[PDB]
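J.: Sharing a structure below in structure tokens format, with a few things to ask.
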Amino acid sequence: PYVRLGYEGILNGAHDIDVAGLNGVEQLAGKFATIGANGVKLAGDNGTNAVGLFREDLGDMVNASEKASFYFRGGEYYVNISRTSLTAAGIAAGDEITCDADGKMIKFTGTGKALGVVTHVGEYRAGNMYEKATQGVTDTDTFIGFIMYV
Amino acid sequence: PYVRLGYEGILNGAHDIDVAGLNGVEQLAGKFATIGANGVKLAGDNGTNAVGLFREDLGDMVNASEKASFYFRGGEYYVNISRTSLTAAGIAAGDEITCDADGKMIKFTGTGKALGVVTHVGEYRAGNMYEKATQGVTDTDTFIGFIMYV
Amino acid sequence: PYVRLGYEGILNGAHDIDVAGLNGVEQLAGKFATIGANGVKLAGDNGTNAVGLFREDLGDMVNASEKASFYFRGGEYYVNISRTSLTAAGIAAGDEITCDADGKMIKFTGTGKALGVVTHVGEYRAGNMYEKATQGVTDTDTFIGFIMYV
Amino acid sequence: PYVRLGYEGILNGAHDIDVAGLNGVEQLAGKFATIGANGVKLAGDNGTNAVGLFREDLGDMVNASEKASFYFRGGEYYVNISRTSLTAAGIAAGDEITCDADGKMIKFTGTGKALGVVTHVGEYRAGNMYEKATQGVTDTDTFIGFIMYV
Amino acid sequence: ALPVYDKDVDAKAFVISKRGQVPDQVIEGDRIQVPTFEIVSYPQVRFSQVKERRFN
Amino acid sequence: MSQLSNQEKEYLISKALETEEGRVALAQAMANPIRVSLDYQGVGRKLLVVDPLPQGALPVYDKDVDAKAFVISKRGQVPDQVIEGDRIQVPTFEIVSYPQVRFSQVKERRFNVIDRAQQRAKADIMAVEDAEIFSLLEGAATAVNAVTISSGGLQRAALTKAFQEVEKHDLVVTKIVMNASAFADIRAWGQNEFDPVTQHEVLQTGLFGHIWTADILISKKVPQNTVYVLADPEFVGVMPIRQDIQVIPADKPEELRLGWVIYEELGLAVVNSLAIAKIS
């Protein structure tokens with residue numbers, strides 16, 4: 001990752017899709033998410049997490065991951081494989097997802113529509129930066145459920 | 001110590017970082033190792049117990065997956081391929097390493113000659129392709145310390 | 001790749017890069033500027049805490065003093081990359097800064113190089129890892145009080 | 001449905017759908033909701049909304065569906081779109097009304113899928129009532145398993 | 001799999017388990033009826049519950 | 001009415017439980033208890049297995065000279081081996097989950113008996129091996145197979161052959177795929193031809209047991225009688241041991257569960273155990 005070319009629900013470009021290696025891993029059939037979008041939701045917030053930041057676990061399980069209070073990764077934080085969302089919360093439109101690192105597009109959400117902030121509700125939100133970190137290299141321009149490049 | 005000068009992966013670490021690899025003083029990743037203790041080792045050593053798959057901490061450092069039998073790393077696939085990566089005393093952990101995501105080696109114990117993932121608490125288990133991470137098909141030798149990667 | 005319109009002048013060398021290649025980190029991480037117990041700054045790019053070495057505090061703010069590290073070797077690194085918009089150069093009494101990842105210019109003092117501990121003015125120096133740690137190793141001659149290019 | 005909760009509250013119809021000059025019995029043609037007196041609003045007053053099933057009366061009048069222990073009257077049953085109201089689908093009674101089979105979406109008791117009928121007390125409901133006859137055509141947009149415009 | 005024949009080496013053969021999370025769900029339907037109609041028609045009060053109970 | 005929104009682990013508060021009830025997992029049947037078990041205090045074993053022995057010894061009334069034949073054996077050695085299997089656990093997980101310690105113990109025990117079965121059926125004697133069922137059996141005779149319309153008909157056919165010889169039989173040690181598929185059989189349009197005509201039986205047929213074991217070499221059935229063929233000397237019986245200072249416990253807050261046994265397994269002769277492989 002580190003090439004500017006984002007935009008889309010699924011780009012076929014480089015470091016935007018993996019399928020083995022390339023700053024993240026993808027299985028050859030996925031694993032299903034027991035947290036987040038997996039099947040089609042027609043409502044609900046699906047628990048905590050809607051900004052990416054998952055970890056695949058053993059067998060066919062994907063599960064929670066998050067950042068401790070008062071910190072943000074200087075490294076690359078987890079995001080899912082870049083999906084559309086025809087579902088309320090989750091990154092997926094009811095697909096079976098795998099975890100990657102940065103370079104994949106997500107949906108952001110919140111009460112702002114300026115540059116990204118960090119929240120300790122186990123999400124990141126749309127705010128205005130001033131002392132709290134922005135999210136993605138193309139910042140946060142979200143109108144809620146806009147495709148932002150990480 | 002200033003030892004470990006020139007492009008060494010075979011005397012650097014406690015275990016091989018690579019034996020057929022190469023990297024220069026070129027930073028394609030300026031991230032530190034928080035894997036392998038120093039302060040009871042040489043500064044030519046890092047003391048790395050895995051150079052395979054990694055997962056990111058808070059801050060911008062990579063280390064080994066310390067995961068159990070019901071935990072596992074999600075994405076964030078990097079393999080360590082540093083030789084000396086922009087040092088003048090030989091790389092040590094807490095100093096710069098250059099990682100890739102296709103490099104070598106991938107540690108495995110098992111009985112070998114099979115895929116392996118990292119869950120390294122002393123626990124090694126094999127690969128699959130829908131259960132555990134997709135290494136891409138490779139043969140990785142038995143017992144860590146000497147691994148020839150295909 | 002990440003692009004910057006700014007410049008942070010440093011005594012010896014120049015720093016004016018922020019491109020880590022691919023498999024590196026080029027992630028926009030905002031944070032507050034704090035001067036801590038060190039001498040008060042307004043803007044600039046050379047000083048006690050200004051530019052270089054950083055370790056994040058609570059509240060997503062960076063300054064330099066003493067290690068927050070969660071390891072006995074390595075620790076959190078940020079650098080300040082000024083891009084003119086959204087960033088107010090160097091350490092200063094308040095003001096929103098964007099920072100990045102990857103070891104660049106650090107500060108050394110006395111005899112630099114190899115395994116290190118912290119001065120406790122924020123500067124890094126020689127010792128032996130033990131809680132505290134240094135980030136990178138200078139390739140160039142170290143002198144007193146200067147911001148040193150690795 | 002999109003990140004941080006799907007649809008809630010009222011949702012916008014089509015506005016200013018003007019149908020005029022028809023030769024038949026349709027409700028689409030500019031024509032009145034009559035209970036008696038002389039129509040509604042002054043200049044610069046905006047309608048309300050009202051969804052349900054209406055029935056054509058004598059002359060070029062519509063009124064609400066009532067009983068089934070009284071005679072069925074007028075052609076097809078329809079639901080009201082806007083062209084005087086600036087707000088959603090619906091109209092205020094004593095205006096020229098265009099109706100559609102679209103009324104999206106103001107909730108009211110039961111659903112409207114697969115035609116609608118009038119019940120023996122006068123509520124509005126969906127089919128199938130007769131299988132040996134064709135009732136008022138109100139074929140609703142997808143919105144099922146949740147309260148909605150009949 | 002080969003079980004280790006050296007008890008100076010811990011078995012690298014072990015069963016694997018995963019954890020799942022399931023949140024509670026709510027299923028309902030309400031049906032609104034006029035009682036006098038149902039009582040005169042006769043089996044309707046009983047039917048309406050049975051239809052509602054089956055749907056849910 | 002108005003829709004509701006789902007949030008994980010929310011809607012009142014009252015949990016003081018998480019996961020309960022025993023969990024099933026893919027397994028297969030064993031044949032290990034059927035044979036004999038005896039204790040031993042030695043250091044190693046040597047066993048004899050029979051090679052071909054002739055027939056006849058005809059009198060001087062067919063003007064033949066009597067055979068002075070001496071039966072032959074080849075010798076096998078088995079050194080002691082360890083079979084073992086481990087479960088790895090975190091104390092925190094075991095406390096919050098609640099049954100987990102009881103379950104982990106049942107799971108470690110079942111896992112060791114399974115690794116035991118694996119070894120006993122499939123593997124050729126190396127050096128770190130004992131005596132294994134698949135080695136000792138007699139080779140397939142294609143003649144015994146004939147034209148069939150069912151998997152069940154072949155399976156009935158193998159079993160009967162052993163009786164002709166005057167072998168011992170007591171149980172069917174079959175491939176997991178073969179046993180099942182044999183139960184499942186059709187006449188070309190249904191009806192099993194190895195189980196009754198309105199009832200299914202998967203326990204015992206012919207008045208002998210059926211063992212379905214995974215790893216034993218594709219599509220093979222073995223009649224034999226376990227008690228004669230092998231014997232298990234047990235230097236020390238099954239025991240759990242647990243160590244919080246071991247290789248894995250040190251790195252991360254874990255406990256290590258080891259469950260082991262030290263065995264030897266003796267395979268007397270090549271006879272009284274026949275394998276047949278399916279029609280061409």
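Identifiers in this document derive from the order of the structure tokens: chains are assigned A, B, ..., residues are numbered from 1 separately in each chain, and ligands are numbered from 1 in order of occurrence.
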What do you get for the Cα RMSD if chain B is superposed onto chain D using all Cα atoms in their order?
T.: 10.2 Å
J.: Just the residues within 12 Å of residue E:49, please, counting only C-alpha atoms, with nothing from its chain fewer than 4 positions along; format it as a short mmCIF file (atom, residue, chain, number, x, y, z; two decimals) with N, CA and C atoms, in the first residue's frame.
T.:
```cif
data_model
loop_
_atom_site.label_atom_id
_atom_site.label_comp_id
_atom_site.auth_asym_id
_atom_site.auth_seq_id
_atom_site.Cartn_x
_atom_site.Cartn_y
_atom_site.Cartn_z
N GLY E 29 -44.82 -10.25 16.19
CA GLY E 29 -45.78 -9.86 15.37
C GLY E 29 -46.83 -9.46 16.40
N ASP E 30 -47.70 -8.50 16.04
CA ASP E 30 -48.85 -8.03 16.78
C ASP E 30 -49.87 -8.18 15.71
N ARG E 31 -51.09 -8.51 16.13
CA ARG E 31 -52.19 -8.49 15.24
C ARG E 31 -53.25 -7.69 15.93
N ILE E 32 -53.99 -6.78 15.16
CA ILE E 32 -54.98 -5.93 15.76
C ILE E 32 -56.30 -6.42 15.20
N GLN E 33 -57.28 -6.59 16.07
CA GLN E 33 -58.56 -7.11 15.67
C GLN E 33 -59.63 -6.38 16.45
N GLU E 38 -65.02 -11.01 15.39
CA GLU E 38 -64.44 -12.29 15.53
C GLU E 38 -65.35 -13.21 16.28
N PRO E 43 -64.87 -19.13 14.86
CA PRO E 43 -63.57 -19.69 15.12
C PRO E 43 -62.48 -18.63 15.06
N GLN E 44 -62.83 -17.38 14.67
CA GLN E 44 -61.82 -16.35 14.43
C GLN E 44 -60.92 -15.97 15.58
N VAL E 45 -61.38 -15.92 16.87
CA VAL E 45 -60.53 -15.53 17.90
C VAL E 45 -59.32 -16.53 18.07
N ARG E 53 -48.86 -17.06 16.03
CA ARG E 53 -48.04 -18.03 16.73
C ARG E 53 -47.27 -18.81 15.71
N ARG E 54 -47.88 -19.32 14.61
CA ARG E 54 -47.23 -19.96 13.50
C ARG E 54 -46.37 -19.02 12.78
N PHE E 55 -46.78 -17.80 12.51
CA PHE E 55 -45.89 -16.83 11.79
C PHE E 55 -44.70 -16.57 12.50
N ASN E 56 -44.74 -16.32 13.85
CA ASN E 56 -43.62 -15.99 14.63
C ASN E 56 -42.62 -17.14 14.75
#
```
J.: What are the residues of chain C lining chain A at 8 Å or less? Count only C-alpha atoms, and put the answer as JSON, numbers by chain.
T.: {"C": [1, 2, 21, 22, 23, 24, 25, 26, 27, 28, 29, 30, 31, 32, 56, 57, 58, 59, 60, 61, 76, 77, 78, 95, 96, 97, 98, 100, 101]}
J.: What's the separation between atom CA of residue B:90 and atom CA of residue B:16, in Å to one decimal place?
T.: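 Distance reported for this atom pair: 14.7 Å.
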J.: Using only C-alpha atoms and a cut-off of 12 Å, which residues of chain D sit close to chain E? Please list them as a ChimeraX atom specification.
T.: /D:67,69,109-111,119-123,125,145-147
J.: If I take atom CA of residue D:13 and atom CA of residue D:112, how far is one from the other in Å, to one decimal?
T.: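 About the pair atom CA of residue D:13 and atom CA of residue D:112: they are 16.0 Å apart.
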J.: Could you check the closest approach to residue F:27 for each of F:110, F:257, F:220, F:175 and tell me which residue wins, using only C-alpha atoms?
T.: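 Of the candidates, the smallest distance to residue F:27 is held by F:110.
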